[PDB]
Amino acid sequence: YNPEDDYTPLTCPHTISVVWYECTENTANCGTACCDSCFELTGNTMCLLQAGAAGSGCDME
C-alpha cells in the first residue's frame, strides 16, 4: 500500500513529488493537519505513521 494511492492534490498545496517528506519531516508544516490536507484513508494513516514516527518535530493534534 502506497499512500500516494489516496494523496489529495485537489486541495493540497504540495505536489506528489514533495508530499511525503513535506507532511512527515518538514516541521514548518508537518503534522496531523498536514496529512488530513494531503492524504485520506490508509494514505492518511501511513502519513500519520511517518509524521509521528517515535518523536519527529511535527504537530500531531
# chains A, B, ... in the order shown; residues from 1 in each chain; ligands from 1
call {"tool": "select_by_dssp", "arguments": {"residues": "chain A", "states": "strand (DSSP E or B)", "output": "mmCIF file with N, CA and C atoms, in the first residue's frame"}}
result
data_model
loop_
_atom_site.group_PDB
_atom_site.id
_atom_site.type_symbol
_atom_site.label_atom_id
_atom_site.label_comp_id
_atom_site.auth_asym_id
_atom_site.auth_seq_id
_atom_site.Cartn_x
_atom_site.Cartn_y
_atom_site.Cartn_z
ATOM 1 N N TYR A 7 -3.430 10.128 -1.930
ATOM 2 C CA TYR A 7 -2.968 11.508 -1.989
ATOM 3 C C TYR A 7 -4.105 12.378 -2.535
ATOM 4 N N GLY A 31 2.508 17.405 10.316
ATOM 5 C CA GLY A 31 1.658 17.043 11.442
ATOM 6 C C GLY A 31 0.314 16.496 10.966
ATOM 7 N N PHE A 39 -3.720 13.654 2.262
ATOM 8 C CA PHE A 39 -3.937 12.223 2.194
ATOM 9 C C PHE A 39 -5.225 11.847 2.911
ATOM 10 N N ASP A 59 3.549 18.362 14.418
ATOM 11 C CA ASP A 59 2.491 18.693 15.381
ATOM 12 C C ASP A 59 1.274 17.807 15.133
#
call {"tool": "residues_around", "arguments": {"residues": "residue 43 in chain A", "least_positions_apart": "6", "cutoff": "9 Å", "atoms": "only C-alpha atoms", "output": "list in words"}}
result
residues 1, 2, 3, 4, 5, 6, 7 and 35 of chain A
call {"tool": "residues_around", "arguments": {"residues": "residue 8 in chain A", "least_positions_apart": "6", "cutoff": "8 Å", "atoms": "only C-alpha atoms", "output": "PDB file with C-alpha atoms, in the first residue's frame"}}
result
ATOM      1  CA  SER A  37      -4.988  18.037   3.817  1.00  0.00           C
ATOM      2  CA  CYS A  38      -2.816  15.843   1.533  1.00  0.00           C
ATOM      3  CA  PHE A  39      -3.937  12.223   2.194  1.00  0.00           C
ATOM      4  CA  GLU A  40      -7.051  10.200   3.054  1.00  0.00           C
TER       5      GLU A  40
END
call {"tool": "residues_around", "arguments": {"residues": "residue 50 in chain A", "least_positions_apart": "6", "cutoff": "9 Å", "atoms": "only C-alpha atoms", "output": "count of residues only"}}
result
5
call {"tool": "atom_distance", "arguments": {"atom1": "CA of residue 51 in chain A", "atom2": "CA of residue 30 in chain A"}}
result
6.8 Å
call {"tool": "closest_residue", "arguments": {"among": "A:36, A:42, A:60, A:47", "to": "residue 21 in chain A", "atoms": "only C-alpha atoms"}}
result
A:47
